[PDB]
Amino acid sequence: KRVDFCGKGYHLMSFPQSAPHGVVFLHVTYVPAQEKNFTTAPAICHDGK
Amino acid sequence: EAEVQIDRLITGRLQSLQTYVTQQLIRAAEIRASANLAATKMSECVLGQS
């Protein structure tokens, strides 16, 4: 849940691999795209509530 | 005898230099640890919520 600890973006899962004198992690990460604009509002009134 | 005197002076200055270098190495390692902690705090507390 801590951001940017494993990968750049939301983290999903990882796989370790060996090396001659170390370890190599493959991180699977989720990244959004294709945005839009819309118009927002914080709350909606109805019947005074 | 000039060579004797120069030998003594070189020896002493050399130990002084080596001591200074070793102290610098220790301090640099400590600063590196502190800056790594600072980078972690910056990347975790600012870009998101803790």
# chains A, B, ... in the order shown; residues from 1 in each chain; ligands from 1

call {"tool": "interface_residues", "arguments": {"of": "chain A", "to": "chain B", "cutoff": "9 Å", "atoms": "only C-alpha atoms", "output": "ChimeraX atom specification"}}
result
/A:2-5

call {"tool": "residues_around", "arguments": {"residues": "residue 6 of chain A", "least_positions_apart": "2", "cutoff": "12 Å", "atoms": "only C-alpha atoms", "output": "PyMOL selection string"}}
result
(chain A and resi 1-4+8-15+25-30) or (chain B and resi 43-44)

call {"tool": "write_last_selection", "arguments": {"atoms": "N, CA and C atoms", "output": "PDB file, in the first residue's frame"}}
result
ATOM      1  N   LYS A   1       0.801  -1.215   0.000  1.00  0.00           N
ATOM      2  CA  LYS A   1       0.000   0.000   0.000  1.00  0.00           C
ATOM      3  C   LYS A   1       0.837   1.269   0.000  1.00  0.00           C
ATOM      4  N   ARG A   2       2.075   1.209   0.482  1.00  0.00           N
ATOM      5  CA  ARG A   2       2.953   2.367   0.416  1.00  0.00           C
ATOM      6  C   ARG A   2       3.334   2.638  -1.032  1.00  0.00           C
ATOM      7  N   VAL A   3       3.185   3.893  -1.454  1.00  0.00           N
ATOM      8  CA  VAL A   3       3.365   4.231  -2.858  1.00  0.00           C
ATOM      9  C   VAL A   3       4.848   4.237  -3.212  1.00  0.00           C
ATOM     10  N   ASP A   4       5.149   3.804  -4.436  1.00  0.00           N
ATOM     11  CA  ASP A   4       6.478   3.848  -5.039  1.00  0.00           C
ATOM     12  C   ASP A   4       7.498   2.974  -4.319  1.00  0.00           C
ATOM     13  N   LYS A   8       6.513   1.926 -10.310  1.00  0.00           N
ATOM     14  CA  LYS A   8       5.985   3.274 -10.499  1.00  0.00           C
ATOM     15  C   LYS A   8       4.515   3.142 -10.881  1.00  0.00           C
ATOM     16  N   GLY A   9       3.636   3.414  -9.927  1.00  0.00           N
ATOM     17  CA  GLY A   9       2.212   3.245 -10.096  1.00  0.00           C
ATOM     18  C   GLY A   9       1.654   2.284  -9.073  1.00  0.00           C
ATOM     19  N   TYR A  10       0.358   2.016  -9.204  1.00  0.00           N
ATOM     20  CA  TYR A  10      -0.289   1.067  -8.312  1.00  0.00           C
ATOM     21  C   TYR A  10       0.310  -0.318  -8.505  1.00  0.00           C
ATOM     22  N   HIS A  11       0.599  -0.993  -7.398  1.00  0.00           N
ATOM     23  CA  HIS A  11       1.290  -2.272  -7.435  1.00  0.00           C
ATOM     24  C   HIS A  11       0.298  -3.425  -7.440  1.00  0.00           C
ATOM     25  N   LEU A  12       0.650  -4.493  -8.153  1.00  0.00           N
ATOM     26  CA  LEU A  12      -0.180  -5.689  -8.220  1.00  0.00           C
ATOM     27  C   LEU A  12       0.508  -6.921  -7.658  1.00  0.00           C
ATOM     28  N   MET A  13       1.707  -7.250  -8.136  1.00  0.00           N
ATOM     29  CA  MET A  13       2.377  -8.482  -7.737  1.00  0.00           C
ATOM     30  C   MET A  13       3.811  -8.436  -8.245  1.00  0.00           C
ATOM     31  N   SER A  14       4.601  -9.420  -7.825  1.00  0.00           N
ATOM     32  CA  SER A  14       6.022  -9.416  -8.137  1.00  0.00           C
ATOM     33  C   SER A  14       6.534 -10.842  -8.253  1.00  0.00           C
ATOM     34  N   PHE A  15       7.670 -10.982  -8.932  1.00  0.00           N
ATOM     35  CA  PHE A  15       8.353 -12.261  -9.055  1.00  0.00           C
ATOM     36  C   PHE A  15       9.840 -12.069  -8.785  1.00  0.00           C
ATOM     37  N   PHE A  25      14.004  -8.366  -9.105  1.00  0.00           N
ATOM     38  CA  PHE A  25      12.559  -8.357  -8.965  1.00  0.00           C
ATOM     39  C   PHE A  25      11.918  -7.887 -10.259  1.00  0.00           C
ATOM     40  N   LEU A  26      10.866  -8.585 -10.675  1.00  0.00           N
ATOM     41  CA  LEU A  26       9.998  -8.141 -11.757  1.00  0.00           C
ATOM     42  C   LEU A  26       8.673  -7.734 -11.130  1.00  0.00           C
ATOM     43  N   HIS A  27       8.346  -6.450 -11.225  1.00  0.00           N
ATOM     44  CA  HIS A  27       7.127  -5.899 -10.653  1.00  0.00           C
ATOM     45  C   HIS A  27       6.091  -5.690 -11.743  1.00  0.00           C
ATOM     46  N   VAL A  28       4.852  -6.081 -11.460  1.00  0.00           N
ATOM     47  CA  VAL A  28       3.727  -5.854 -12.356  1.00  0.00           C
ATOM     48  C   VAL A  28       2.936  -4.668 -11.825  1.00  0.00           C
ATOM     49  N   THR A  29       2.792  -3.630 -12.641  1.00  0.00           N
ATOM     50  CA  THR A  29       2.212  -2.373 -12.203  1.00  0.00           C
ATOM     51  C   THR A  29       1.074  -1.948 -13.119  1.00  0.00           C
ATOM     52  N   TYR A  30       0.164  -1.175 -12.537  1.00  0.00           N
ATOM     53  CA  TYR A  30      -1.073  -0.724 -13.159  1.00  0.00           C
ATOM     54  C   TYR A  30      -1.000   0.779 -13.378  1.00  0.00           C
TER      55      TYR A  30
ATOM     56  N   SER B  43       9.086  10.461  -0.655  1.00  0.00           N
ATOM     57  CA  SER B  43       8.328   9.729  -1.661  1.00  0.00           C
ATOM     58  C   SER B  43       7.055   9.122  -1.092  1.00  0.00           C
ATOM     59  N   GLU B  44       7.001   8.879   0.218  1.00  0.00           N
ATOM     60  CA  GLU B  44       5.840   8.211   0.788  1.00  0.00           C
ATOM     61  C   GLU B  44       4.835   9.153   1.434  1.00  0.00           C
TER      62      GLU B  44
END

call {"tool": "atom_distance", "arguments": {"atom1": "atom CA of residue 20 of chain B", "atom2": "atom CA of residue 6 of chain B"}}
result
21.1 Å

call {"tool": "select_by_dssp", "arguments": {"residues": "chain A", "states": "strand (DSSP E)", "output": "PyMOL selection string"}}
result
chain A and resi 10-19+22-30

call {"tool": "select_by_dssp", "arguments": {"residues": "chain B", "states": "alpha helix (DSSP H)", "output": "PyMOL selection string"}}
result
chain B and resi 2-41

call {"tool": "write_last_selection", "arguments": {"atoms": "C-alpha atoms", "output": "PDB file, in the first residue's frame"}}
result
ATOM      1  CA  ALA B   2      68.078  14.732   4.661  1.00  0.00           C
ATOM      2  CA  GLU B   3      66.535  11.457   3.511  1.00  0.00           C
ATOM      3  CA  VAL B   4      66.107  10.352   7.144  1.00  0.00           C
ATOM      4  CA  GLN B   5      64.366  13.593   8.080  1.00  0.00           C
ATOM      5  CA  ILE B   6      62.149  13.496   4.996  1.00  0.00           C
ATOM      6  CA  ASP B   7      61.273   9.866   5.744  1.00  0.00           C
ATOM      7  CA  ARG B   8      60.079  10.773   9.236  1.00  0.00           C
ATOM      8  CA  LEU B   9      58.039  13.732   7.989  1.00  0.00           C
ATOM      9  CA  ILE B  10      56.423  11.754   5.164  1.00  0.00           C
ATOM     10  CA  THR B  11      55.493   8.927   7.519  1.00  0.00           C
ATOM     11  CA  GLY B  12      53.791  11.208  10.029  1.00  0.00           C
ATOM     12  CA  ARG B  13      51.898  13.235   7.449  1.00  0.00           C
ATOM     13  CA  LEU B  14      50.792  10.000   5.793  1.00  0.00           C
ATOM     14  CA  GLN B  15      49.181   8.612   8.946  1.00  0.00           C
ATOM     15  CA  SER B  16      47.469  11.964   9.515  1.00  0.00           C
ATOM     16  CA  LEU B  17      46.060  11.926   5.978  1.00  0.00           C
ATOM     17  CA  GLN B  18      44.853   8.331   6.282  1.00  0.00           C
ATOM     18  CA  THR B  19      43.074   9.077   9.559  1.00  0.00           C
ATOM     19  CA  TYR B  20      41.308  12.039   7.967  1.00  0.00           C
ATOM     20  CA  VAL B  21      40.223   9.928   4.985  1.00  0.00           C
ATOM     21  CA  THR B  22      38.818   7.175   7.208  1.00  0.00           C
ATOM     22  CA  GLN B  23      36.808   9.669   9.257  1.00  0.00           C
ATOM     23  CA  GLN B  24      35.451  11.163   6.034  1.00  0.00           C
ATOM     24  CA  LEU B  25      34.358   7.712   4.854  1.00  0.00           C
ATOM     25  CA  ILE B  26      32.459   7.027   8.082  1.00  0.00           C
ATOM     26  CA  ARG B  27      30.714  10.400   7.993  1.00  0.00           C
ATOM     27  CA  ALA B  28      29.792   9.945   4.329  1.00  0.00           C
ATOM     28  CA  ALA B  29      28.205   6.565   5.050  1.00  0.00           C
ATOM     29  CA  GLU B  30      26.136   8.045   7.880  1.00  0.00           C
ATOM     30  CA  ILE B  31      24.972  10.938   5.682  1.00  0.00           C
ATOM     31  CA  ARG B  32      24.042   8.469   2.940  1.00  0.00           C
ATOM     32  CA  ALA B  33      21.837   6.544   5.365  1.00  0.00           C
ATOM     33  CA  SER B  34      20.147   9.744   6.547  1.00  0.00           C
ATOM     34  CA  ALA B  35      19.491  10.926   2.994  1.00  0.00           C
ATOM     35  CA  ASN B  36      18.038   7.544   2.046  1.00  0.00           C
ATOM     36  CA  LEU B  37      15.611   7.907   4.950  1.00  0.00           C
ATOM     37  CA  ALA B  38      14.763  11.428   3.776  1.00  0.00           C
ATOM     38  CA  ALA B  39      14.086  10.189   0.241  1.00  0.00           C
ATOM     39  CA  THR B  40      11.777   7.479   1.572  1.00  0.00           C
ATOM     40  CA  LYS B  41       9.857  10.013   3.664  1.00  0.00           C
TER      41      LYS B  41
END

call {"tool": "atom_distance", "arguments": {"atom1": "atom CA of residue 33 of chain A", "atom2": "atom CA of residue 16 of chain A"}}
result
28.0 Å

call {"tool": "decode", "arguments": {"residues": "segment 12-25 of chain B", "atoms": "N, CA, C and O atoms", "output": "JSON list (two decimals), in the first residue's frame"}}
result
[["chain", "number", "residue", "atom", "x", "y", "z"],
["B", 12, "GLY", "N", 54.77, 10.59, 9.15],
["B", 12, "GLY", "CA", 53.79, 11.21, 10.03],
["B", 12, "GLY", "C", 52.64, 11.83, 9.27],
["B", 12, "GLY", "O", 51.46, 11.62, 9.59],
["B", 13, "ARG", "N", 52.96, 12.61, 8.23],
["B", 13, "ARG", "CA", 51.90, 13.24, 7.45],
["B", 13, "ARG", "C", 51.01, 12.19, 6.79],
["B", 13, "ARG", "O", 49.80, 12.41, 6.63],
["B", 14, "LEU", "N", 51.58, 11.04, 6.44],
["B", 14, "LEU", "CA", 50.79, 10.00, 5.79],
["B", 14, "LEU", "C", 49.78, 9.39, 6.76],
["B", 14, "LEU", "O", 48.62, 9.17, 6.39],
["B", 15, "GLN", "N", 50.19, 9.11, 8.01],
["B", 15, "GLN", "CA", 49.18, 8.61, 8.95],
["B", 15, "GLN", "C", 48.10, 9.66, 9.20],
["B", 15, "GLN", "O", 46.92, 9.31, 9.32],
["B", 16, "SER", "N", 48.48, 10.93, 9.30],
["B", 16, "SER", "CA", 47.47, 11.96, 9.51],
["B", 16, "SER", "C", 46.45, 11.98, 8.37],
["B", 16, "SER", "O", 45.23, 12.02, 8.60],
["B", 17, "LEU", "N", 46.95, 11.92, 7.14],
["B", 17, "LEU", "CA", 46.06, 11.93, 5.98],
["B", 17, "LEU", "C", 45.14, 10.71, 5.98],
["B", 17, "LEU", "O", 43.94, 10.84, 5.70],
["B", 18, "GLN", "N", 45.68, 9.53, 6.29],
["B", 18, "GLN", "CA", 44.85, 8.33, 6.28],
["B", 18, "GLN", "C", 43.76, 8.41, 7.34],
["B", 18, "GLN", "O", 42.62, 8.00, 7.09],
["B", 19, "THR", "N", 44.09, 8.92, 8.53],
["B", 19, "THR", "CA", 43.07, 9.08, 9.56],
["B", 19, "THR", "C", 41.96, 10.00, 9.09],
["B", 19, "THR", "O", 40.77, 9.71, 9.27],
["B", 20, "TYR", "N", 42.33, 11.12, 8.46],
["B", 20, "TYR", "CA", 41.31, 12.04, 7.97],
["B", 20, "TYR", "C", 40.41, 11.36, 6.94],
["B", 20, "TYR", "O", 39.18, 11.52, 6.97],
["B", 21, "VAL", "N", 41.01, 10.59, 6.03],
["B", 21, "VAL", "CA", 40.22, 9.93, 4.98],
["B", 21, "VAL", "C", 39.25, 8.93, 5.59],
["B", 21, "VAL", "O", 38.08, 8.84, 5.18],
["B", 22, "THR", "N", 39.70, 8.15, 6.58],
["B", 22, "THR", "CA", 38.82, 7.17, 7.21],
["B", 22, "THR", "C", 37.64, 7.86, 7.89],
["B", 22, "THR", "O", 36.48, 7.42, 7.76],
["B", 23, "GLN", "N", 37.91, 8.95, 8.62],
["B", 23, "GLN", "CA", 36.81, 9.67, 9.26],
["B", 23, "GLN", "C", 35.82, 10.18, 8.22],
["B", 23, "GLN", "O", 34.60, 10.12, 8.42],
["B", 24, "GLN", "N", 36.33, 10.69, 7.09],
["B", 24, "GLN", "CA", 35.45, 11.16, 6.03],
["B", 24, "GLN", "C", 34.58, 10.04, 5.51],
["B", 24, "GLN", "O", 33.39, 10.24, 5.24],
["B", 25, "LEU", "N", 35.15, 8.84, 5.34],
["B", 25, "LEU", "CA", 34.36, 7.71, 4.85],
["B", 25, "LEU", "C", 33.22, 7.38, 5.81],
["B", 25, "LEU", "O", 32.07, 7.16, 5.38]]
